[PDB]
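Protein chains in written order, with the entry's author numbering: chain M, 55 to 225; chain A, 55 to 225; chain N, 387 to 444, 454 to 482, 498 to 571; chain B, 387 to 444, 454 to 482, 498 to 571.
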């Protein structure tokens, strides 16, 4: 799988012996997905629970090939939390299913709360849950395809390919 | 131009104080273009002359997000040279024009010599000359769009955007 | 990009603390400057365990019990300590030094974060990283003073003969 | 990715040559090992200028005129020298050492490339990079022997009184 082996290996040589490097890895992977999918940005929501009540929270936003990690990392104090019955992100976490959403305005589940707060306009989206057994750890998405009206079937295949790796790393 | 600023800056933090780093820069930029365009690979041909006779030669082939520089760098001994009246690469160098070629089999100028030697099948292509005044320094191309039948108009805009930078670096 | 950057950082600083094994006093200063920019502290003080007590002379000389206060704890326990609020104070990141074994040989504390509420839990692994080079350098730096001191007294006498 | 890698490389090696300022002999060895893996040479020999001559003892002792042969030239001229074919010989990359000023203080030569026709013209800036740490370390390493030697004789006498 040539160019994946190279992209991942080279990526891993850019990660300082420091954090928190497991999320700097996810970040860098996402930066590379943005390039490969011509996605305007990628993001990650962490998924955790409180007394059996799961929820989904902002963690990495606005990941981009020229984006800084400390700018993309959501500050724990200022993190937007959703119950799983609000949002496509929460829905992905609930159903444990992948979705290629071509128009968020025609998908109930879509929550416009973050769009209102951040000012960003979300149009289309791929979303996938990162799982460990029967429990969900995160939801990752690629937002706003730049060179076409929506993300392609082929695009699904690439995203899915790189999300086996992120999964591995998120353990 | 957010994600370009980030991609370029981060890219430049991955370049060892060593070579030859000016070509390791072009390489890494090309690796990022591959991601952004979903191009199967990018390449560079150097353009030089011998007594007023220009020619175009392999330099970086098979650049990819997971590709190694020392694997992509063409060994000076084994470099394929073209006169400018053979090949799209040579034609780009001659005309000093950009081209978005959707089907190389329908473009005379196309030379299949490298395809025969390397075994690679070239289908479509964007090609652009890097210039210094009235003289050409290189030709850069993105080969084989992965998620569509050809490179888009929008794809031209991104390629052109990142090739202002490569140009700068190649001086 | 950040990770790669806190190494060239350290690569630098390693090469700066090692150009002063000559002077535990200059070296001790370097450790402070460097430790302050690396973490971005308002102020750093450094204590060198002198048997059963901490001596951060850092110019005067300041003794104190090795197990007393922040420094004493960290020195006693041999494990870092991060403070959000300490209660122009505020926060304090304090860390051990320890030698080849894990014998805390000194201790350093940074006060108040610049542009920040406290110390990034990353500002800890970075501090620990640094702290290896501080222990490596202090250890040899002192071990070299001991000789030069002695060896000097040795000849003060020999020039007598 | 490569560039970033030849630093962590050097960061490493810097930190290995500096843990042997104790022993110009061990250090001198380190420089050889390290210099061989960094460039990937079949063999490295190191010469330390002893006034008007090169002494690469590297175990026996080998004197020779400071201006003679490859070593002598490079030592004389103070500038690297790369060889494709030397004519199990083959190639030779030889480089100067020089001190704080630019006074070539020693010289090292690598012979025959492993997996290769010669020395990457990159294997030169990398060798020059390394070569700064060799000059820095040899310089202090010798300057520290001189003391310990002297200071010793100083007390051999003083224990006499």
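Heads up, the beta-carbon is just placed ideally off N, CA and C, and yes, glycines get one too.
Can you find a CB in chain A that lies within less than 8 Å of the CB of residue 392 of chain B? In the fourth chain, the residue the question calls residue 392 of chain B occupies position 6. Closer than 8 Å to some Cβ of chain A, the Cβ of residue 392 of chain B qualifies, so yes.
If the criterion is Cβ atoms closer than 8 Å, does the pair residue 400 of chain B and residue 554 of chain B meet it? One-based indexing of the fourth chain puts residue 400 of chain B at position 14. One-based indexing of the fourth chain puts residue 554 of chain B at position 144. It is not a contact, given that the beta carbons lie outside the stated cut-off.
CA nearest to the CA of residue 97 of chain M, picked from M/91, M/72, M/118 and M/185: Numbered from its first residue, the first chain carries residue 97 of chain M at position 43. Among M/91, M/72, M/118 and M/185, the Cα nearest to that of residue 97 of chain M belongs to M/118.
Mapping the DSSP letters down to three states, classify residue 123 of chain M as helix, strand or coil. Taking the first chain and counting its residues from 1, one reaches residue 123 of chain M at position 69. Three-state result, residue 123 of chain M: helix.
Proximity to residue 180 of chain A [Cα-Cα], best of A/89, A/149, A/189 and A/143: Taking the first residue of the second chain as 1, we reach residue 180 of chain A at position 126. Answer by Cα proximity: A/143.
Is there contact between the stretch 83–101 of chain A and the stretch 187–206 of chain A, where contact requires at least three CB pairs shorter than 8 Å? yes
Using only the heavy atoms of the ligand SAH, determine whether one of them is closer than 7 Å to the beta carbon of residue 203 of chain M. You won't find the ligand SAH in this model; it holds no ligand whatsoever.
First through last residue of the beta strand (DSSP E) which encompasses residue 427 of chain B: By 1-based counting over the fourth chain, the position of residue 427 of chain B is 41. Its beta strand (DSSP E) spans residues 427–435.
Backbone secondary structure at residue 439 of chain N - three-state DSSP: Numbered from its first residue, the third chain carries residue 439 of chain N at position 53. In the structure shown, residue 439 of chain N sits in a strand (DSSP, three-state: E or B).
Taking beta-carbon pairs under 8 Å, can you tell me which members of the stretch 393–412 of chain B lie near chain M? none
Which residues, taken in chain order from the stretch 522–538 of chain B, show a beta carbon closer than 9 Å to some beta carbon of chain A? 527, 530, 531, 532, 535 and 536
Determine whether the Cβ of residue 144 of chain A lies closer than 8 Å to any Cβ atom of chain B. In the second chain, residue 144 of chain A corresponds to position 90, counting from 1. It does not: the Cβ of residue 144 of chain A has no partner Cβ on chain B nearer than 8 Å.
Note down, one range per segment and in chain order, each beta strand (DSSP E) of at least 3 residues found wholly within the stretch 393–417 of chain B. none
May I ask you to list, following chain order, the residues of the stretch 75–100 of chain A that have a beta carbon less than 7 Å from some beta carbon of chain B? 75 and 78
By alpha-carbon positions, which one of B/477, B/513, B/389 and B/443 ends up nearest to residue 534 of chain B? Counting from 1 along the fourth chain, the entry for residue 534 of chain B is found at position 124. Minimum Cα distance to residue 534 of chain B is reached at B/477.
What's the C-alpha gap between residue 169 of chain A and residue 177 of chain A? In the second chain, the residue the question calls residue 169 of chain A occupies position 115. In the second chain, the residue the question calls residue 177 of chain A occupies position 123. About 10 Å.
Please confirm whether residue 125 of chain M has its beta-carbon closer than 8 Å to some beta-carbon of chain N. For the purposes of this step, residue 125 of chain M is taken as the residue at position 71 of the first chain. For residue 125 of chain M, the answer is no, since every Cβ of chain N falls outside 8 Å of its Cβ.
In chain order, what residues of the stretch 111–140 of chain M put their CB closer than 8 Å to some CB of chain E? Going by chain labels, chain E is absent from the structure shown, which instead holds the protein chains M, A, N and B.
Excluding five sequence neighbours on each side, which residues of the same chain lie with their C-beta closer than 7 Å to the C-beta of residue 137 of chain A? The sequence position of residue 137 of chain A within the second chain is 83, counting from 1. 109 and 144, listed in sequence order.
N- and C-terminal bounds of the beta strand (DSSP E) containing residue 444 of chain N: As a first step, residue 444 of chain N must be located in the third chain, where it is residue number 58. That residue, residue 444 of chain N, is in no beta strand (DSSP E); it is neither H nor E in DSSP.
I need the DSSP call for residue 499 of chain N, collapsed to helix, strand or coil. For the purposes of this step, residue 499 of chain N is taken as residue 89 along the third chain, with counting starting at 1. The answer is coil: DSSP assigns residue 499 of chain N none of H, G, I, E or B.
Could you work out which residues of chain M lie near residue 463 of chain B, taking near to mean beta carbons separated by less than 8 Å? Indexing the fourth chain from 1 puts residue 463 of chain B at position 68. Result: empty, since nearest Cβ-Cβ is about 44 Å, beyond 8 Å.
Assign residue 527 of chain B to buried or exposed, taking buried as 16 or more other Cβ atoms, counted over all protein chains shown, within 10 Å of its Cβ. If you number the fourth chain from 1, residue 527 of chain B lands on position 117. The residue is exposed, with fewer than 16 neighbouring Cβ atoms inside 10 Å.
Report yes or no: is there a C-beta of chain B within less than 8 Å of the C-beta of residue 511 of chain N? Start at 1 with the first residue of the third chain, and residue 511 of chain N comes out as number 101. Residue 511 of chain N does not count as touching chain B.
Reduced DSSP category for residue 531 of chain B - H, G, I as helix; E, B as strand; rest coil: Within the fourth chain, numbered from 1, the residue matching residue 531 of chain B stands at position 121. In this structure, residue 531 of chain B counts as coil in the three-state DSSP scheme.
So for residue 481 of chain N, helix, strand or coil by DSSP? Taking the first residue of the third chain as 1, we reach residue 481 of chain N at position 86. It is coil, neither helix nor strand.
Could you check whether the Cβ of residue 61 of chain A sits closer than 8 Å to any Cβ belonging to chain M? To locate residue 61 of chain A, count along the second chain from 1; it is residue 7. True, the Cβ-Cβ gap to chain M drops below 8 Å.
Other residues of its chain near residue 150 of chain M: CB distance less than 8 Å, five sequence neighbours each side excluded: The residue labelled residue 150 of chain M in the question sits at position 96 within the first chain. The residues are 183, 185 and 190.
Would the stretch 55–65 of chain A and the stretch 111–129 of chain M be scored as touching if the rule is three or more Cβ pairs under 8 Å? yes
Cβ of residue 71 of chain A less than 8 Å from any chain B Cβ? Mapped onto the second chain, residue 71 of chain A falls at position 17. At least one chain B Cβ lies under 8 Å of residue 71 of chain A.
Distance, residue 470 of chain B Cα to residue 462 of chain B Cα: As a working mapping, residue 462 of chain B is identified with position 67 in the fourth chain. As a working mapping, residue 470 of chain B is identified with position 75 in the fourth chain. Each residue's alpha carbon lies about 7 Å from the other.
Pair every Cβ in the stretch 500–517 of chain N with every Cβ in the stretch 423–443 of chain N, then say whether three or more of these pairs are closer than 8 Å. yes
Should residue 388 of chain B and residue 68 of chain M be called a contact, given that it needs their Cβ atoms to be closer than 8 Å? Within the fourth chain, the letter at position 2 stands for residue 388 of chain B. Within the first chain, the letter at position 14 stands for residue 68 of chain M. No.
Can you list, in chain order, the residues of the stretch 550–565 of chain B whose Cβ is nearer than 7 Å to any Cβ on chain N? 561, 564 and 565
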